[PDB]
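Student:
Protein chains in written order, with the authors' numbering: chain A, 35 to 84; chain B, 4 to 287; chain C, 7 to 272; chain D, 501 to 642; chain E, 1 to 51; chain F, 18 to 492.
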């Protein structure tokens, strides 16, 4: 072995990552609301055929 | 083998026969758990008896069975009801899992009560034994000599008192520069992590006080804290320290960053309050 | 200590053995600590295991006669890993065949053939071949005669039980009442009324009066020497069939139309 | 400001006061929730328009999961062209903390048939990516 | 990669190794969401592109 | 000669090395690596044989060894000790390459990324021992080492894919030895073998990997079937943790075969049907797989018959498996005709074959089915026949015998008749219509739900390749 301060660097990832999951959770919001957009875009398709 | 004879031996009247039987189960509690799930109300019955003297192992055997099924919830509760058998859990590296869950369980309960009461870990609303395991995990982290794992865990369970005690023993004024970096790792953290209005405010406030206890600090650091809480009374205290420590250079440098970064509303109130301090018109 | 049980057994008192067996279970802890609990059996550990084995078999047999089902269950269980361990070290005794037959009789007499078939797949390897069938023959043929609904053979087996009589009698009494029960279950749906003499013949009694006594227990009215199931069968099924946990779940016609409906547009 | 908005039908006047209701709330965050709901539930276009901006100014400087769910609903749920615009602009302001999430959201909102939605996507990346340049953002605005 | 051939101060080294994937397990149950997310977001988005 | 063989083999191995190392060092790609490993392994075991049997050893020589040199030296020496530049670390052709393990880095023990590679090297070795049938000591030794070796790792998802395949050979070699010959040694290690799988299955739930989990459940259900412990298999089924999320089609197929066996011995037939059919469908229809299909097809006869539906005459007729299923065809014909004498004759003659496949225990129960069919036949033909005439025909003992078979048959409703003992005949009460019953409603529900199920399955699947071509540059 003969390496230390692997625990210093590994713990850095333990902080960053907690906040890095909040970011990608806004990207889970894209899935909820392309349901809304697509649902309403069936209605907008009835508008365009008029 | 099958563990069914050991369960049959539970039923016999002498205490001596049952205590030996429970120990035999423990050799193969995650390694032969199938029968024990089905005949589980017997082991619980032995816990509920107050004339049984190996209650503590009956609670453990049960705990383990619920861990194997997937049922984390009841495994934690039985953990605390053993009344010990926490020694076992340090000597088991394959099940520190339920130790982890005890943290989960604390942090959901802590966050719940935080909104309605300032403190609740002093009150008997949260169970003391569950609290004990929480603080124990934070020590384990520090046994590996990492402070980073310990502040992390502490934050969630809304413990200001642990956070202070942690910073304080690793502040000893080794250098002026070195005390600031840790605080700044924390200040930036509370802004981007804790979205809780009240708990974020307390943390920022304790970080002002540690540098305020020091006779020499980065004041640059302190300026961040002033602006985000947008509170004039903090700056008023900071200038008063500087009144009695004055330099033509030091004062001028803090003041130039400060009027740029500070908000318009904040600055109006502050110039009023510095007159009453008796501080120079040059600052104003 | 262990020799107290031994002399008690020969003498013919099985109450004496029963009550005296738990002080001996203190000495079965110590026995256990001598051996490695079947992670090796040498001739050093075989003489020590022989006592553990010897105490368990003979406790099993006393308990059946004194009707302690509870105690029986204890022995049953313990005995299993000792026979199971090795192909032969101490896995061979005559009492091995003896006990196997009794365990199985006990599974039939609860009237749950599920616990029987589970045991039967476990027995069919080493154990069954090694001891051969020579009292195993009995509980297996019986069970078979019950799948068939050939109670004439099943009832006959009890009688041939006399020849090996010791403590098979404590199960045979339980088995008769069950054999009679299975028939009564069948008779309801098969036909609806029968003369008194033909019911006697079927349910096995030597007197007409003992037939009407089983009638009253099974809640069936014989009047003018005729049984009736037109009332009774429908009554018993209804009280039982009344439940409020799967009777609000039947699956409506309305419900089925809706259920299809949403699958098409989603 | 809310009452005289309902009573007058004057076009210039009503616009001014719906915006003013949004202005006065800033840094409120989770204390703007009563005002936000009331305005987005008015049937007037003007009060819907400012409601989107009540979420923007209040929830500026701090990113929230909430603020985003509520403004995506607005663009889709209202067919009046100005209310659609207002909801896009508002995403920028909340999200100037992490401004490298912004192109990724509004990529979707630049595929829109409605030209107003597209027009607002411009201002959001404007607001987020003003102070420091970003190479991702240029690809959306192209 | 972690070692457990040698241990020192009565399994102190590997006590710490055991609790680091258990700290990160909290984060991995949240990543199982984001891993079905990748498939369903691309699924409805291509659906939105034909419309 | 010998030197030549080593270099030629080692080169071939380097190619394969490159492909897998790129995946794990570029972050997990999950489904993708499992696919790559199997294809490489088929190629490699076959290679191992030709050009010396030190092929495995060459790879170990030009790579870092946390513990891999020790195992390779044990194996070699056993199979006659040999020196030809075959003592690992002897030949150097890494030449300061990160890929082939940097020179400087190893000394310090700065790089320790051998672990996964180690799983794979062992993995080839287990399989080569099995093809050879030089399992024995070599296999037991690998097994020894590898248990503390996984517990020395605090595992990662890519490494779980590999150890899910190690675990396949580890169960099996114990079975192989025990299946030679009963040994006192075999007994001691069975109880051991059960314990370790159980223990590791709990850890592999938490790390969250499908392959390690599914595989372990399968090995343990099979362990239960040999020991006749149906109860331990039931509580095991009732655990519920068996996932469907990413599990291979090999693991599901085996999974359903076991399910069919477990239900049938404990007297449930209904639910065994669905699975015995499912298990044929997931398994592919190759010649190297033909054996597995012979097992399923034998089971399909018992399961189906006990539920009370006769399986296709046709299915067994028009196979190539017809000779294996020759005793079993004769079971089906006996039931069909209702002839008792026929069924008894069959199971006597072929008894040795039936015992191996473990269909025989199910056959004792299939006796019961023969008899009901014989009387079923008589009831359909003949509305009113005296029970006197029924006795003659099926050669039964008395008037009481004939009554008690027919009486049980009607509790389960299979004959559906009424016995008259005071009018001296059995009279069929058959309505025999189901078109003016609420029954068709219940059938059509299944058919419609299955159909919609498939419409969704088309819809979901369709998009994913479309998405990938879109990522790639094209016009």
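No residue lacks a Cβ here, since even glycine has one placed at the ideal position from N, Cα and C.
Which of the residues in the segment 14-28 of chain E, read from start to end, lie with their CB under 9 Å from any CB of chain B?
Tutor: 14, 15, 16, 17, 18, 19, 20, 22, 23, 25 and 26
Student: Expressed to the nearest angstrom, what Euclidean distance is found between the alpha-carbon atoms of residue 54(F) and residue 480(F)?
Tutor: 27 Å
Student: Would you kindly work out how many angstroms separate the C-alpha atoms of residue 329(F) and residue 336(F), rounded to a whole number?
Tutor: 12 Å
Student: Can you tell me which of 227(B), 274(B) and 247(B) puts its alpha carbon nearest to the alpha carbon of residue 257(B)?
Tutor: 227(B) is the residue among 227(B), 274(B) and 247(B) whose C-alpha sits nearest the C-alpha of residue 257(B).
Student: Along the alpha helix (DSSP H) that carries residue 1(C), what are the first and last residues, could you check?
Tutor: Only positions 7 to 272 of chain C appear in this structure, which leaves residue 1(C) out of reach.
Student: Quick one: measure Cβ to Cβ for residue 15(C) and residue 66(C), integer angstroms, because I've assumed they're closer than 8 Å.
Tutor: No, residue 15(C) and residue 66(C) are not in contact; Cβ-Cβ is about 11 Å, not under 8 Å.
Student: Strictly by DSSP, which residues pair up with residue 201(C)?
Tutor: Residue 201(C) pairs with 232(C).
Student: What does residue 445(F) pair with, by DSSP beta-bridge criteria?
Tutor: 434(F)
Student: Check the Cβ-Cβ distances between residue 55(E) and every residue of chain A, and say whether any is below 9 Å.
Tutor: With chain E covering only 1 through 51, there is no way to say anything about residue 55(E).
Student: Enumerate, from N- to C-terminal direction, the unbroken alpha helix (DSSP H) stretches of 4 or more residues contained entirely within the segment 38-102 of chain C.
Tutor: 49-71 and 75-90
Student: What does residue 223(F) touch in chain E if you count any residue whose Cβ is under 7 Å from its own?
Tutor: 25
Student: Can you tell me whether DSSP reads residue 555(D) as helix, strand or coil?
Tutor: helix
Student: Are at least three pairs of beta-carbons, each pair with one atom in the segment 33-46 of chain C and one in the segment 69-79 of chain C, less than 8 Å apart?
Tutor: no
Student: Count the other CB atoms, across all protein chains shown, that sit within 10 Å of the CB of residue 222(B); report buried if there are 16 or more and exposed otherwise.
Tutor: Residue 222(B) is buried by the Cβ-count criterion.
Student: If we count the other Cβ atoms within 10 Å of its Cβ and call it buried at 16 or more, is residue 647(D) buried or exposed?
Tutor: Chain D is shown from 501 up to 642; residue 647(D) falls before or after that span and cannot be answered.
Student: For residue 402(F), write down the residues that DSSP places opposite it in a beta bridge.
Tutor: 443(F)
Student: Hey, quick one: how far does the alpha helix (DSSP H) through residue 80(B) stretch, first residue to last?
Tutor: 75-82
Student: Would you check if the segment 274-283 of chain B and the segment 229-249 of chain B touch, i.e. whether three or more CB-CB distances between them fall below 8 Å?
Tutor: yes
Student: Is there contact here, the segment 410-424 of chain F with the segment 161-169 of chain C, by at least three beta-carbon pairs under 8 Å?
Tutor: Contact between the segment 410-424 of chain F and the segment 161-169 of chain C is absent, because fewer than three Cβ pairs lie under 8 Å.
Student: Write down every uninterrupted run of the alpha helix (DSSP H) in the segment 137-209 of chain B whose length is 4 residues or greater and which is fully enclosed by it, in chain order.
Tutor: 150-159, 163-172 and 179-195
Student: Which residue's Cα is closest to the Cα of residue 298(F): 135(F), 309(F) and 483(F)?
Tutor: 309(F)
Student: Please return the same chain residues whose Cβ sits closer than 6 Å to the Cβ of residue 198(C), not counting the five positions on each side in sequence.
Tutor: Answer for residue 198(C): 235 and 236, listed in chain order.
Student: Spell out whether any CB of chain E is found under 9 Å from the CB atom of residue 145(B).
Tutor: no
Student: Between the C-alpha atoms of residue 518(D) and residue 171(B), what's the straight-line distance to the nearest angstrom?
Tutor: For residue 518(D) and residue 171(B), the distance between alpha carbons rounds to 51 Å.
Student: Could you name the residues of the segment 115-149 of chain F whose beta carbon sits closer than 9 Å to any beta carbon of chain A, in the order they occur along the chain?
Tutor: 125, 126, 127 and 129
Student: On a Cα-Cα basis, can you pick out the residue from 120(B), 214(B), 90(B) and 273(B) that is closest to residue 238(B)?
Tutor: 273(B)
Student: Are any of the Cβ atoms in chain E nearer than 9 Å to that of residue 262(B)?
Tutor: no
Student: If we require 4 or more residues per run, which alpha helix (DSSP H) segments fall completely within the segment 113-148 of chain C?
Tutor: 119-129 and 132-137
Student: Please report how far the alpha carbon of residue 255(F) lies from the alpha carbon of residue 73(B), in whole angstroms.
Tutor: If you take the alpha carbons of residue 255(F) and residue 73(B), they lie about 11 Å apart.
Student: Can you name the residues of chain A whose CB is closer than 9 Å to the CB of residue 152(B)?
Tutor: 41, 45 and 48
Student: Does any CB atom of chain D fall closer than 9 Å to the CB of residue 63(A)?
Tutor: yes
Student: Under the rule that 16 or more other beta-carbon atoms within 10 Å means buried, what is residue 210(B), buried or exposed?
Tutor: With 16 or more neighbouring CB atoms inside 10 Å of its own CB, residue 210(B) falls in the buried class.
Student: Please tell me whether residue 94(C) and residue 136(C) are closer than 9 Å, where the distance is taken between their beta carbons.
Tutor: Contact: yes.
Student: Skipping 5 residues on each side, what residues in its chain have a beta carbon closer than 7 Å to that of residue 344(F)?
Tutor: 363, 367, 370 and 371
Student: Determine the extent of the alpha helix (DSSP H) in which residue 345(F) is found, giving its start and end residues.
Tutor: 343-354
Student: Using the beta-carbon of each residue, which ones in chain A are nearer than 7 Å to residue 3(B)?
Tutor: The first residue shown for chain B is 4 and the last is 287, placing residue 3(B) beyond what the model contains.
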